[PDB]
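Encoded as structure tokens, the structure appears first; notes follow it.
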Amino acid sequence: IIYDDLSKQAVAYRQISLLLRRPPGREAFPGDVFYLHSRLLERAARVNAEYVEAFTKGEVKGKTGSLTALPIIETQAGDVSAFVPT
Amino acid sequence: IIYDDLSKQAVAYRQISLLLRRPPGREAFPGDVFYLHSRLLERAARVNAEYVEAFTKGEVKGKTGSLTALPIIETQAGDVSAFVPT
Amino acid sequence: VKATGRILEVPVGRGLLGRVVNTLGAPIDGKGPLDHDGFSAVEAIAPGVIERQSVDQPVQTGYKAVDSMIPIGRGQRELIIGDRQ
Amino acid sequence: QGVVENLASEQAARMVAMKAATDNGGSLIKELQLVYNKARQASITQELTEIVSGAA
Amino acid sequence: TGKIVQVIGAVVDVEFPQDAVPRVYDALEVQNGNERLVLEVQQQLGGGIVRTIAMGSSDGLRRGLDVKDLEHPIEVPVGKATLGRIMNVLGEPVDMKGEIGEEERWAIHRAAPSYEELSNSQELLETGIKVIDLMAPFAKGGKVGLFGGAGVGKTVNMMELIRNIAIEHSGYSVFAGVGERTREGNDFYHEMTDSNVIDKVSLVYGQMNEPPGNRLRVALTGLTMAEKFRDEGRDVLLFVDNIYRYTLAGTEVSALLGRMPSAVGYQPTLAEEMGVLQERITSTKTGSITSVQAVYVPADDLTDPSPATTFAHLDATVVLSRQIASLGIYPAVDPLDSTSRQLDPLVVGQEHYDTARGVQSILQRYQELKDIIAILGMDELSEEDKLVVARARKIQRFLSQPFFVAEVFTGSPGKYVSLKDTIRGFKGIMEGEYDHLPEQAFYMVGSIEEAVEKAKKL
Amino acid sequence: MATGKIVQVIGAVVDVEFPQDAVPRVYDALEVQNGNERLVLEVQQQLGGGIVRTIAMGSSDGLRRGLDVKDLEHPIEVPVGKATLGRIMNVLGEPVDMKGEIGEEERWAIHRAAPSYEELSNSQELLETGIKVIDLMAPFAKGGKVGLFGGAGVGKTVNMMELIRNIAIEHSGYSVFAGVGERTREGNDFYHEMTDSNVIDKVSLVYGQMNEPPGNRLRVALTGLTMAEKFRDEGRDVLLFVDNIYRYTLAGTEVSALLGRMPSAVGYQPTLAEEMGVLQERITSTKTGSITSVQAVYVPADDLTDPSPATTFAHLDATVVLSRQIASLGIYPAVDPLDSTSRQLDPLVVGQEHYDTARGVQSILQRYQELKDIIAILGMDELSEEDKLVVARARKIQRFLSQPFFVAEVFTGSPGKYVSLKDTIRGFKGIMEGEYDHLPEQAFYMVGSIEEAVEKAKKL
Amino acid sequence: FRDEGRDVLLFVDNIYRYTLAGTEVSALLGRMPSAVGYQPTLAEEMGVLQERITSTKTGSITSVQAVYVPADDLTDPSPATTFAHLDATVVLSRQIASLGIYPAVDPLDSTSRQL
Ligand SMILES: Nc1ncnc2c1ncn2[C@@H]1O[C@H](COP(=O)(O)OP(=O)(O)OP(=O)(O)O)[C@@H](O)[C@H]1O
Ligand SMILES: Nc1ncnc2c1ncn2[C@@H]1O[C@H](COP(=O)(O)OP(=O)(O)O)[C@@H](O)[C@H]1O
Ligand SMILES: [Mg+2]
């Protein structure tokens with residue numbers, strides 16, 4: 001899976017969070033922007049055969065599923081030390 | 001008398017003030033931070049012998065009491081411009 | 001909740017010399033109770049202008065730079081300021 | 001002749017060094033300006049946050 | 001008996017009868033559909049309503065659901081039973097093995113040890129890492145902090161320290177995965193269980209996929225288990241994957257609890273929360289907890305209140321930095337910010353003290369010369385200044401070291417360096433014994449002898 | 001019958017109360033009889049209890065707290081079609097000129113959704129401007145956004161008028177000019193200059209003056225956009241000129257502040273990206289017709305990382321930079337070829353020949369820009385024959401970039417010309433590959449096509 | 001004293017802490033905070049006080065005021081506004097004081113409208 005720009009998802013979520021009057025933090029992003037990206041990205045993984053067998057109720061046996069994920073981030077003037085990039 | 005960290009006293013007072021829903025000021029510190037430190041520090045003084053003799057109800061005569069104070073402040077990366085150090 | 005009409009007071013005296021005490025006057029060094037010369041109020045006002053006296057007596061830090069260039073006198077207020085560590 | 005040739009060499013070396021210094025100065029400008037821009041933006045954000053939060 | 005009245009993200013409002021309101025840290029249990037959820041009280045509002053934090057997913061919670069009031073705080077198993085297993089924030093087993101056969105459960109909200117109960121020990125501990133036990137050596141029973149930004153080697157350095165300080169330690173250890181990658185925890189578990197040292201390391205994992213309630217209290221439960229092991233008279237090693245996430249969970253929750261934000265965006269209780277967590281982790285007179293903690297700094301800002309209020313709680317702070325890492329100098333320890341309380345000649349010796357201070361002096365002078373070099377180049381310097389530039393560059397290269405645990409990213413074999421070797425090497429460089437060797441000879445080598453051998457092949 | 005009452009007036013913000021059955025939709029328009037005038041209100045938010053919060057599209061002075069408000073069911077509707085050509089209008093579609101009523105047949109609402117995914121053009125096409133510098137170095141995509149980053153003193157207005165004429169004559173299309181929050185004196189002068197230039201016949205103008213409330217300046221861009229959309233539905237390729245997009249962004253900030261919403265980043269509105277996207281996503285090529293746009297861009301504090309520049313650049317397909325230095329040499333249009341870029345300039349987009357020609361020209365001019373420093377510092381005696389040849393060809397290329405405009409007839413007497421894409425590619429290929437090395441460099445100045453450069457050299 | 005007709009000398013130790021005493025209590029009075037956390041009424045509070053210190057036709061007040069400069073930055077609103085109220089402004093600088101030149105007057109910044 002490829003996410004074309006997670007920084008602009010962060011912009012959309014910042015807009016939503018500010019329209020709900022939630023106090024922001026560094027660079028005016030909400031306090032839970034890290035959680036947004038963390039739970040989004042941690043869903044990409046490699047799972048063992050026991051998990052697949054339990055999930056498929058035994059119909060798939062001895063195989064490991066996987067979901068590779070390469071997100072994209074835009075940074076201004078090419079510094080990596082910004083809040084969302086870090 | 002040594003005050004090992006006035007900045008930590010200021011932070012504790014800030015927490016008390018914000019939990020009490022008092023209006024916040026510069027760097028979220030309430031305006032009476034200056035009142036806090038001023039009424040604390042001005043208590044350190046040297047008093048004339050008349051004051052000592054009046055306080056002790058005549059027991060001590062011919063002596064001047066004195067208290068010397070050494071407050072300590074932590075600067076973050078040498079930023080003298082901050083509120084509490086100013 | 002009852003309202004005891006008294007402001008916060010702390011033990012004070014010569015017997016506190018050498019003792020480790022918390023903000024409320026309770027020893028925490030574990031070397032027994034205090035021997036205080038009465039109590040005193042925590043929040044009090046400072047002596048006025050007419051009750052002051054000037055500073056003309058030194059107190060030695062024991063260091064060279066401080067005691068030479070930036071002397072401290074009895075009654076003085078010195079701010080020791082800097083970064084961490 | 002040796003002395004005259006060495007003075008010619010000196011002028012050549014100085015002009016090369018000055019060119020290098022000019023380029024390095026431009027390099028420092030283009031980076032100090034980034035630090036300045038980020039500083040201005042962050043300062044404005046902090047002050048505005050203080051105002052809006054202090055409205056209470 | 002009670003009912004839910006509000007559901008706001010991670011926090012939930014619950015109403016109880018005026019005469020049956022739970023205490024400030026009691027635990028509640030609710031049935032979210034076919035599954036059970038645990039709520040933890042935080043504040044008693046007026047009229048019998050209390051604010052709670054959800055120890056699980058909050059989706060699917062209708063208002064008007066009934067709750068059960070448990071009459072005790074969150075309690076977790078402790079002791080010999082929790083010694084080869086992976087566990088959740090609520091003390092439940094996470095590995096697919098059976099139940100934990102504990103004789104005792106402790107509440108996770110406990111009080112820090114008293115002043116007279118403490119013990120301070122100067123007994124120095126040795127690591128295979130050169131820069132760490134040269135510049136900021138730490139003793140047994142003191143807290144060590146690993147600062148730095150993103151991708152500067154904190155996890156790898158901590159793994160190396162686990163490997164090396166387990167050589168001279170015999171007892172049990174506790175590892176707490178606090179809001180970090182699930183993959184890193186999985187790989188650590190398999191690495192531990194493939195070396196047959198899993199029978200002494202105890203694991204608690206609440207990772208960066210978990211809701212704020214789990215991440216917040218997972219640090220506390222890990223520390224509580226460490227308390228149980230300490231009070232048996234043992235010496236325990238406690239490793240925390242990331243201590244920044246604890247304050248970050250507090251930050252995410254504090255706005256919904258109605259607390260007006262402090263500087264930046266942090267909760268007013270940042271200092272108190274960190275103090276409550278980090279003051280019950282100490283060595284008393286009946287035990288000792290040697291602890292290593294990773295402190296992620298946000299946006300490479302060492303002036304941020306979260307790192308800034310942690311520097312005062314640590315015996316040995318090691319500051320990794322990105323600029324040093326970009327040069328390839330791993331481990332990227334900045335030697336002009338890393339210090340320790342044990343770097344005194346009365347405890348560490350005069351030769352070690354003098355060597356460390358000389359290194360700092362030379363590198364500080366090099367920093368001063370960099371801004372001259374940037375505009376004018378190296379030609380306009382004094383000859384002495386050029387000498388110190390050469391020696392400072394060689395010192396910076398010599399601070400690097402190829403770890404065994406980093407053998408995958410690189411290919412170089414690992415190295416363990418003794419304190420005597422490293423002080424000999426830096427003393428030799430400082431007094432110019434090795435002025436005749438090239439700079440690249442000192443890069444990614446162990447002892448100085450190895451650098452000479454490398455210089456022979458250039 | 002008017003069904004509403006005013007309940008508050010705070011500055012430019014008016015709150016009005018309706019019965020619970022008649023509450024307006026979000027962007028509906030309301031009208032009040034303020035004094036003797038009629039005042040248009042645009043609804044912004046539906047608060048509870050039948051109250052709606054609105055922005056006054058005009059002066060708020062003189063409004064009482066009990067006035068009756070009439071509820072129109074449509075949003076702001078403006079006249080569209082051919083009748084708007086040659087006329088100046090305000091935000092509401094009413095003449096700020098004095099020529100009279102606009103005889104429109106159709107009135108369209110300024111708010112609408114962007115064209116759907118199935119409406120976009122099946123392919124990607126280039127748009128000729130007839131200007132050698134632009135068509136070579138920074139070609140426009142048909143339906144793409146172009147940012148003019150020039151200042152003042154350089155010929156911004158001249159370039160705009162030239163493009164208006166060329167899109168009307170060489171193609172068959174019309175133009176819309178949106179004066180988003182700009183000076184009244186200069187709008188008047190622009191109108192008279194286009195009247196003198198005989199291009200007023202082929203453009204329609206919507207002005208929102210600076211002295212108007214923030215809502216007017218915010219909505220004037222959408223007014224111009226919907227007129228351009230009508231011309232698109234006629235099947236034409238339209239040019240939409242935005243006098244300053246930064247003013248649109250800043251007026252959005254002002255409106256958001258008036259409504260009281262929390263600010264983001266460096267003080268901007270929480271919905272900056274959405275408002276920018278709403279404006280930009282409507283400027284695209286449809287299976288029939290298109291809207292290409294030239295937008296003047298100002299960067300605050302010269303900070304290219306500032307949120308308004310950073311957000312704007314995400315939507316620009318090409319960048320045209322006007323230079324005082326190029327103008328001082330007498331080369332017009334004063335477009336700097338080294339700083340101007342377009343992301344259409346790729347071999348698989350424009351064609352391999354055109355791409356490699358552009359690369360050659362850009363690299364040659366860059367090399368000349370370095371040799372110019374060297375020649376100043378040391379002297380021309382240091383150069384080799386190959387170096388000298390590069391310098392000479394670069395001079396010829398620089399001069400061949402110039403072009404006489406039809407508006408430049410009155411300024412120079414030169415009749416003015418239109419150069420095709422293949423013509424300019426052939427000319428620059430010829431100069432690069434050594435042909436016409438025997439012509440003088442002045443043969444290429446203001447000469448149009450290369451086949452006319454050889455005629456000038458024949459006379460010279 | 002001025003209304004009695006005499007020539008008066010008025011020394012004020014710090015105008016800064018007049019403004020600061022305003023700032024401390026401003027928020028508790030229900031006011032919305034200003035640009036740098038000051039009260040919204042800084043200019044008027046300065047003006048009402050400082051326009052009384054004038055020499056009228058009956059008598060003259062001559063005044064010397066010490067002005068604190070927060071963080072040694074003359075950009076701050078308080079020194080900035082009090083600059084606009086004075087005939088002569090002697091600008092001391094921490095740079096010249098640190099170098100050891102006493103008084104630390106900056107000769108480039110200090111001026112007077114009687115010059
Ligand atoms: N000798 C080395 N020591 C540490 N890291 C190294 C070394 N050589 C290469 N690296 C690379 O540096 C990366 C950073 O490691 P690590 O994940 O421990 O950093 P970190 O500061 O803890 O980051 P995070 O907090 O984002 O997890 C490693 O994943 C590895 O790819
Ligand atoms: N093609 C051209 N031919 C002759 N003169 C030109 C040409 N382009 C620009 N100029 C000169 O330079 C000026 C360009 O600036 P102008 O368009 O007047 O700036 P603004 O639009 O900001 O008023 C013209 O008025 C004219 O004097
Ligand atoms: Mg790591």
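A note on labels: chains of the structure tokens are A, B, ... as shown, every chain counts residues from 1, and ligands are counted from 1 in their shown order.
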- request: Enumerate as an MDAnalysis selection string the residues within 10 Å of ligand 3, counting only C-alpha atoms and all ligand atoms.
  value: chainID E and resid 149:159 180:181 184 241:242 294 296
Take the residues from that selection and put them in a file with C-alpha atoms, as a tab-separated table (two decimals), in the first residue's frame.
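Now in part-v3.tsv:
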chain	number	residue	atom	x	y	z
E	149	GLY	CA	15.83	12.54	18.12
E	150	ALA	CA	14.43	10.07	15.59
E	151	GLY	CA	16.69	7.38	14.15
E	152	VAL	CA	19.88	8.27	16.06
E	153	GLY	CA	20.50	4.86	17.63
E	154	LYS	CA	18.81	4.91	21.06
E	155	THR	CA	17.26	1.46	20.60
E	156	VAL	CA	20.47	-0.06	19.20
E	157	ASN	CA	22.56	1.47	22.00
E	158	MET	CA	20.14	0.11	24.60
E	159	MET	CA	20.32	-3.36	23.04
E	180	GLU	CA	7.11	1.81	20.48
E	181	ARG	CA	7.17	-0.47	17.45
E	184	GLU	CA	10.99	-4.30	17.81
E	241	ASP	CA	11.88	1.47	25.54
E	242	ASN	CA	10.58	5.05	25.52
E	294	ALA	CA	15.32	6.23	26.26
E	296	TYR	CA	12.80	10.77	22.61
Fit chain A to chain B, all Cα atoms paired in order, least squares. Then write it as a CSV table (one decimal) with N, CA and C atoms, in the first residue's frame.
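File written: out-v5.csv
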chain,number,residue,atom,x,y,z
A,1,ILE,N,20.5,31.6,53.3
A,1,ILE,CA,19.5,30.6,52.8
A,1,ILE,C,19.8,30.4,51.3
A,2,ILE,N,19.6,29.2,50.8
A,2,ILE,CA,19.8,28.8,49.4
A,2,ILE,C,18.5,28.1,48.9
A,3,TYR,N,17.9,28.7,47.9
A,3,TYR,CA,16.8,28.1,47.2
A,3,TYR,C,17.3,27.3,46.0
A,4,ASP,N,17.1,26.0,46.0
A,4,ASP,CA,17.7,25.2,45.0
A,4,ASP,C,17.3,25.5,43.6
A,5,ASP,N,16.0,25.8,43.4
A,5,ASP,CA,15.5,26.2,42.1
A,5,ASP,C,14.2,26.9,42.2
A,6,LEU,N,14.2,28.2,42.1
A,6,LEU,CA,13.0,29.0,42.1
A,6,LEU,C,12.2,28.9,40.8
A,7,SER,N,12.8,28.5,39.7
A,7,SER,CA,12.0,28.3,38.5
A,7,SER,C,11.1,27.1,38.6
A,8,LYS,N,11.5,26.0,39.4
A,8,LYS,CA,10.6,24.9,39.5
A,8,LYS,C,9.6,25.1,40.6
A,9,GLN,N,9.9,26.0,41.6
A,9,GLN,CA,8.8,26.6,42.4
A,9,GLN,C,7.8,27.3,41.6
A,10,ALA,N,8.2,28.1,40.6
A,10,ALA,CA,7.3,28.7,39.7
A,10,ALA,C,6.5,27.7,38.9
A,11,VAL,N,7.1,26.6,38.5
A,11,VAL,CA,6.4,25.6,37.8
A,11,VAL,C,5.3,25.0,38.6
A,12,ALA,N,5.6,24.7,39.9
A,12,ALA,CA,4.6,24.2,40.8
A,12,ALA,C,3.5,25.2,41.0
A,13,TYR,N,3.8,26.4,41.2
A,13,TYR,CA,2.7,27.4,41.3
A,13,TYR,C,1.9,27.6,40.1
A,14,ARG,N,2.6,27.5,38.9
A,14,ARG,CA,1.8,27.5,37.6
A,14,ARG,C,0.8,26.4,37.6
A,15,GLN,N,1.2,25.2,38.0
A,15,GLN,CA,0.3,24.0,38.0
A,15,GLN,C,-0.9,24.3,38.9
A,16,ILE,N,-0.6,24.8,40.1
A,16,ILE,CA,-1.7,25.1,41.1
A,16,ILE,C,-2.6,26.2,40.5
A,17,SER,N,-2.0,27.2,39.9
A,17,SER,CA,-2.9,28.3,39.3
A,17,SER,C,-3.7,27.9,38.1
A,18,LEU,N,-3.2,26.9,37.3
A,18,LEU,CA,-4.0,26.4,36.2
A,18,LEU,C,-5.0,25.4,36.6
A,19,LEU,N,-4.8,24.7,37.7
A,19,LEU,CA,-5.9,23.8,38.2
A,19,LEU,C,-7.0,24.6,38.8
A,20,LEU,N,-6.8,25.9,39.1
A,20,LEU,CA,-7.9,26.7,39.7
A,20,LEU,C,-8.5,27.6,38.6
A,21,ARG,N,-8.2,27.4,37.3
A,21,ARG,CA,-8.9,28.1,36.2
A,21,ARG,C,-8.6,29.6,36.2
A,22,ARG,N,-7.4,30.0,36.7
A,22,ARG,CA,-7.0,31.4,36.6
A,22,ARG,C,-6.4,31.7,35.3
A,23,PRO,N,-6.9,32.7,34.5
A,23,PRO,CA,-6.3,32.9,33.2
A,23,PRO,C,-4.8,33.3,33.3
A,24,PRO,N,-4.0,32.7,32.5
A,24,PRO,CA,-2.6,33.0,32.5
A,24,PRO,C,-2.1,34.0,31.5
A,25,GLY,N,-0.9,34.4,31.6
A,25,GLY,CA,-0.3,35.5,30.7
A,25,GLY,C,0.8,35.0,29.9
A,26,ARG,N,2.0,35.7,30.0
A,26,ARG,CA,3.1,35.4,29.1
A,26,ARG,C,3.8,34.0,29.5
A,27,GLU,N,4.0,33.2,28.5
A,27,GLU,CA,4.5,31.8,28.7
A,27,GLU,C,3.7,31.1,29.7
A,28,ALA,N,2.3,31.3,29.7
A,28,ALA,CA,1.3,30.6,30.5
A,28,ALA,C,1.5,30.7,32.0
A,29,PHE,N,2.4,31.5,32.5
A,29,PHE,CA,2.5,31.6,33.9
A,29,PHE,C,1.4,32.6,34.4
A,30,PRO,N,1.0,32.4,35.6
A,30,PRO,CA,-0.1,33.3,36.2
A,30,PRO,C,0.4,34.7,36.3
A,31,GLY,N,-0.5,35.7,36.4
A,31,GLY,CA,-0.2,37.1,36.5
A,31,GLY,C,0.6,37.5,37.7
A,32,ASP,N,0.5,36.7,38.8
A,32,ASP,CA,1.1,37.0,40.1
A,32,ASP,C,2.4,36.3,40.4
A,33,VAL,N,3.0,35.7,39.3
A,33,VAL,CA,4.3,35.0,39.6
A,33,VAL,C,5.4,35.9,40.1
A,34,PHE,N,5.4,37.2,39.5
A,34,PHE,CA,6.3,38.2,40.0
A,34,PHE,C,6.1,38.5,41.5
A,35,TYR,N,4.8,38.6,41.9
A,35,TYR,CA,4.6,38.8,43.4
A,35,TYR,C,5.0,37.6,44.2
A,36,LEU,N,4.8,36.4,43.7
A,36,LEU,CA,5.3,35.2,44.4
A,36,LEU,C,6.8,35.4,44.7
A,37,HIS,N,7.6,35.5,43.7
A,37,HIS,CA,9.0,35.7,43.9
A,37,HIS,C,9.4,37.0,44.6
A,38,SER,N,8.7,38.1,44.4
A,38,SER,CA,9.0,39.3,45.1
A,38,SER,C,8.8,39.2,46.6
A,39,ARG,N,7.7,38.7,47.1
A,39,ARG,CA,7.5,38.7,48.5
A,39,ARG,C,8.4,37.5,49.1
A,40,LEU,N,8.7,36.5,48.3
A,40,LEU,CA,9.6,35.5,48.8
A,40,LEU,C,11.0,36.1,49.1
A,41,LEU,N,11.5,36.7,48.0
A,41,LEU,CA,12.9,37.2,48.1
A,41,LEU,C,13.1,38.4,49.0
A,42,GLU,N,12.1,39.3,49.0
A,42,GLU,CA,12.3,40.6,49.8
A,42,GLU,C,12.4,40.3,51.3
A,43,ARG,N,12.1,39.1,51.7
A,43,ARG,CA,12.3,38.8,53.1
A,43,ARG,C,13.7,38.7,53.6
A,44,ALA,N,14.6,38.6,52.6
A,44,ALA,CA,16.1,38.5,53.0
A,44,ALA,C,16.6,39.9,53.1
A,45,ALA,N,17.2,40.2,54.2
A,45,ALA,CA,17.5,41.6,54.4
A,45,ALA,C,18.6,41.8,55.6
A,46,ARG,N,19.0,43.0,55.8
A,46,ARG,CA,19.8,43.4,56.9
A,46,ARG,C,19.0,44.5,57.7
A,47,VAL,N,18.8,44.2,59.0
A,47,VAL,CA,17.9,45.1,59.8
A,47,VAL,C,18.8,45.8,60.9
A,48,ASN,N,18.4,47.1,61.2
A,48,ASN,CA,19.1,47.9,62.1
A,48,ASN,C,18.8,47.4,63.6
A,49,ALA,N,19.7,47.9,64.5
A,49,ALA,CA,19.6,47.5,65.9
A,49,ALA,C,18.3,47.9,66.5
A,50,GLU,N,17.7,49.0,66.1
A,50,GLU,CA,16.5,49.4,66.7
A,50,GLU,C,15.4,48.4,66.5
A,51,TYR,N,15.3,47.9,65.3
A,51,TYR,CA,14.3,46.8,64.9
A,51,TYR,C,14.5,45.6,65.8
A,52,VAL,N,15.8,45.1,65.9
A,52,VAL,CA,16.0,43.9,66.7
A,52,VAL,C,15.7,44.1,68.1
A,53,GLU,N,16.0,45.3,68.7
A,53,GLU,CA,15.7,45.6,70.1
A,53,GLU,C,14.2,45.7,70.3
A,54,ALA,N,13.4,46.3,69.4
A,54,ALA,CA,12.0,46.3,69.5
A,54,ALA,C,11.4,44.8,69.4
A,55,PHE,N,12.0,44.0,68.5
A,55,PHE,CA,11.5,42.7,68.3
A,55,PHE,C,11.8,41.8,69.5
A,56,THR,N,13.0,41.8,70.0
A,56,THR,CA,13.4,41.0,71.1
A,56,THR,C,13.0,41.6,72.4
A,57,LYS,N,12.2,42.7,72.4
A,57,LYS,CA,11.8,43.4,73.6
A,57,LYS,C,12.9,43.8,74.5
A,58,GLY,N,14.0,44.2,74.0
A,58,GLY,CA,15.2,44.6,74.7
A,58,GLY,C,16.2,43.6,75.2
A,59,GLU,N,15.9,42.3,74.9
A,59,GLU,CA,16.8,41.3,75.4
A,59,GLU,C,18.1,41.2,74.6
A,60,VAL,N,18.0,41.5,73.3
A,60,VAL,CA,19.2,41.7,72.5
A,60,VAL,C,19.3,43.2,72.1
A,61,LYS,N,20.5,43.7,72.4
A,61,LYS,CA,20.7,45.2,72.3
A,61,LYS,C,22.0,45.4,71.5
A,62,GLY,N,21.9,46.4,70.5
A,62,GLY,CA,23.1,46.8,69.8
A,62,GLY,C,23.6,45.9,68.7
A,63,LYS,N,22.8,45.0,68.3
A,63,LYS,CA,23.2,44.1,67.2
A,63,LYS,C,22.3,44.1,66.0
A,64,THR,N,22.8,43.8,64.8
A,64,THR,CA,22.0,43.8,63.6
A,64,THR,C,22.0,42.4,63.1
A,65,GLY,N,20.7,41.9,62.8
A,65,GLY,CA,20.5,40.6,62.2
A,65,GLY,C,20.5,40.7,60.7
A,66,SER,N,20.7,39.6,60.0
A,66,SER,CA,20.8,39.6,58.6
A,66,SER,C,20.5,38.2,58.1
A,67,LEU,N,19.9,38.2,56.9
A,67,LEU,CA,19.6,36.9,56.2
A,67,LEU,C,20.0,37.1,54.7
A,68,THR,N,21.1,36.5,54.3
A,68,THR,CA,21.6,36.5,53.0
A,68,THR,C,20.9,35.4,52.2
A,69,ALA,N,20.6,35.6,50.9
A,69,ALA,CA,19.8,34.7,50.1
A,69,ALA,C,20.3,34.6,48.7
A,70,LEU,N,20.7,33.4,48.3
A,70,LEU,CA,21.2,33.2,46.9
A,70,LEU,C,20.3,32.2,46.2
A,71,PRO,N,19.3,32.6,45.5
A,71,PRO,CA,18.4,31.7,44.7
A,71,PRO,C,19.1,31.2,43.4
A,72,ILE,N,18.6,30.1,42.9
A,72,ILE,CA,19.1,29.4,41.7
A,72,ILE,C,18.0,29.4,40.6
A,73,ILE,N,18.4,29.7,39.4
A,73,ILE,CA,17.4,29.7,38.3
A,73,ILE,C,18.0,29.0,37.1
A,74,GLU,N,17.2,28.1,36.5
A,74,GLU,CA,17.7,27.4,35.3
A,74,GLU,C,17.1,28.0,34.1
A,75,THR,N,17.9,28.2,33.1
A,75,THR,CA,17.4,28.8,31.8
A,75,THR,C,17.8,27.9,30.6
A,76,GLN,N,17.0,27.8,29.7
A,76,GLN,CA,17.1,26.9,28.5
A,76,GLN,C,18.0,27.5,27.4
A,77,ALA,N,19.0,26.9,27.0
A,77,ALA,CA,19.9,27.3,26.0
A,77,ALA,C,20.6,28.6,26.3
A,78,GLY,N,20.6,29.0,27.6
A,78,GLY,CA,21.5,30.1,28.1
A,78,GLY,C,21.1,31.5,27.7
A,79,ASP,N,19.8,31.8,27.6
A,79,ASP,CA,19.4,33.1,27.3
A,79,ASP,C,18.8,33.7,28.6
A,80,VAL,N,19.1,35.0,28.9
A,80,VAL,CA,18.6,35.6,30.1
A,80,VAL,C,17.3,36.4,29.9
A,81,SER,N,16.8,36.5,28.7
A,81,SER,CA,15.7,37.3,28.3
A,81,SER,C,14.4,36.6,28.5
A,82,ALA,N,14.3,35.4,29.1
A,82,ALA,CA,13.1,34.7,29.3
A,82,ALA,C,12.3,35.4,30.4
A,83,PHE,N,11.0,35.1,30.5
A,83,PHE,CA,10.1,35.8,31.5
A,83,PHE,C,10.5,35.6,32.9
A,84,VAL,N,10.6,34.3,33.4
A,84,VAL,CA,11.0,34.1,34.8
A,84,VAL,C,12.4,34.5,35.1
A,85,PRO,N,13.4,34.3,34.3
A,85,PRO,CA,14.7,34.8,34.6
A,85,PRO,C,14.8,36.3,34.7
A,86,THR,N,14.1,37.0,33.8
A,86,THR,CA,14.1,38.5,33.9
A,86,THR,C,13.3,39.0,35.1
Using only C-alpha atoms, I'd like every residue of chain D that has an atom within 12 Å of chain B; please write them out as an mmCIF file with C-alpha atoms, in the first residue's frame.
data_model
loop_
_atom_site.group_PDB
_atom_site.id
_atom_site.type_symbol
_atom_site.label_atom_id
_atom_site.label_comp_id
_atom_site.auth_asym_id
_atom_site.auth_seq_id
_atom_site.Cartn_x
_atom_site.Cartn_y
_atom_site.Cartn_z
ATOM 1 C CA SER D 43 7.502 32.733 17.527
ATOM 2 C CA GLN D 46 3.545 30.676 20.122
ATOM 3 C CA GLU D 47 2.372 34.247 20.715
ATOM 4 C CA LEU D 48 -0.905 33.699 18.862
ATOM 5 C CA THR D 49 -1.514 30.502 20.835
ATOM 6 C CA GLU D 50 -0.984 32.425 24.075
ATOM 7 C CA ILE D 51 -3.477 35.102 23.001
ATOM 8 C CA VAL D 52 -6.182 32.663 21.886
ATOM 9 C CA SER D 53 -5.805 30.442 24.956
ATOM 10 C CA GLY D 54 -5.759 33.461 27.280
ATOM 11 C CA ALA D 55 -9.108 34.627 25.930
ATOM 12 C CA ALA D 56 -10.520 31.696 27.976
#
List the spatial neighbours of residue 62 (chain C) as a compact mmCIF listing (two decimals) with C-alpha atoms, in the first residue's frame - criterion: any atom at most 12 Å away, only C-alpha atoms, same-chain residues fewer than 4 positions off excluded.
# COMPACT_ATOMS: atom_id res chain seq x y z
CA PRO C 58 31.49 40.34 53.77
CA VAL C 66 33.34 34.84 43.28
CA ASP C 67 34.92 36.35 46.40
CA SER C 68 37.21 38.54 44.28
CA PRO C 71 31.62 39.81 46.36
CA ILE C 72 28.67 38.94 48.59
message: Residues contacting ligand 2 - anything with an atom at most 6 Å away, using only C-alpha atoms and all ligand atoms - can you give me those as a PyMOL selection string?
response: chain F and resi 152-158+332-333+405+408+411
